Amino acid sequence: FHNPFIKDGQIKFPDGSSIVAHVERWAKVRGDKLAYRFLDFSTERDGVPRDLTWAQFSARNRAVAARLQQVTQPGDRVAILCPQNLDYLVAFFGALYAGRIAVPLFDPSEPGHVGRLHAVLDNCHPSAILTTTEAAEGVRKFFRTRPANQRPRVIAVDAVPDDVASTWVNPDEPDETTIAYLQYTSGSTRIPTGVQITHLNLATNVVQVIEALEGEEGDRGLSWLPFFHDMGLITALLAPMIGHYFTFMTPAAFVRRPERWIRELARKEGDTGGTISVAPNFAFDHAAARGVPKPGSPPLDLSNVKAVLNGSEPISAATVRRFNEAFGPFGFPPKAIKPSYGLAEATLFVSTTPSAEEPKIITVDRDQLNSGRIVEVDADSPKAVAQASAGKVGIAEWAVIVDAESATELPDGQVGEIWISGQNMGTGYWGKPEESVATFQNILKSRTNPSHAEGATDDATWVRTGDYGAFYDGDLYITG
């Protein structure tokens, strides 16, 4: 394995950092290869695939982009309110193609979406809404509950002919400030927090994920999570940078029959590589409980699974044991479970376990962990408690444990606030100048010897994650 974007430990972008340039490249050299597939379980139970090749994907992207360039201006924000299907990605990439700031959200009519859609739209004030014909009515209804002066143009992406792309203008190469999209994430503030993720942020973090998971050509990506999610888009954005196709289903499709995700994770005949996917802790439990094939099932081979990214709350030892007990007999490698630390402020990925290692879980003093120190004890101990690792910090980014008040790096084992830095870090919160400075632009005033900030410059900006944790024995631990 070798990362095509890394040269001498440095992330190099020869063909720019435009993910638009990457998609167009595949559309030119492998236009007839599969790019994106949506497993539709709305009608049938084993699902019918909706496919979209690289050239087809480009055709739809440029068509929507051309329409957006007629009704929006550079700097405008375009909210994506499609149902979870192919048209969602068409809309999202379409907004990027148009040279506008995408805002990945959700169809209001779709159930199981957590987020204050009203307050979010209040924050970014989009000039256009992207949806589908099937959902356009529900969208128009939702906006009737909003003031008249904030009911922006609604565009059904599937209603835009392919030949519209004829007038599409490719936006000039973006610098390091050009915002690709706004990623809104959970918070307790009244005004929702939308991380400004630049094209440089996107490309950098995708590369950092590729490096961490040893992603290659031949590796296909899979996801069931809603696109509006801290880890909802990363696997999809992986496909254009790596050149292999991405497969997805609705969240509800997974909840109904989690075996569908297990099946798609499994080896297909013709596979030259592994499967990469994402699943929070509860998803592992749900799959282990309801996603194991009945007796008499067709062969299930999970020996191909490369990485299932699991974030961001610490994975349970009980969950790890249960999932391996359930799918281990089907060939599932324990090392495929990749516990990780991630957040929207860093685009997503910050740390995960090494490629050849299983989830590291250690037994530490329960109350000493409460006193702010990580100390290993025996399993027999009455003060014993299991604590799972978040692995090691990815390439071209740093994480440090600091004393929050004095901005001073702490010795290993000691719990403090986690500060992070790198080119994947967002450039602020939309519409929150002061909150942006406070969170994204901190200076590290003191380092230990050795330091976890080794490689970072003095004027490197550090992100106050708000999370607390500690380094222990070469691994990062999130404790709060």
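Residue positions are given as counts along the sequence shown, with the first one as 1.
According to the PDB record, 145 to 153 carries the higher mean C-alpha B-factor of the two stretches 145 to 153 and 87 to 95. Relative to its counterpart among 268 to 276 and 286 to 294, 268 to 276 has the higher mean temperature factor, C-alpha atoms as listed in the PDB entry. Out of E345, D158, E409, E358, the entry records its largest CA B-factor for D158.
Within the selection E44, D51, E417, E435, the deposited Cα B-factor values reach their highest point at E44. Looking at the C-alpha B-factors along this chain, the one for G466 belongs to the middle third.
Among the modelled residues of the chain, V120 sits in the middle third by CA temperature factor in this PDB entry. Ranked against the other modelled residues of its chain, the C-alpha B-factor of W168 as given in the entry falls in the highest third. Among all modelled residues in this chain, the alpha-carbon of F38 has a temperature factor (C-alpha) in the middle third. Remark: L68 belongs to the middle third of its chain, ranked by C-alpha B-factor as recorded.
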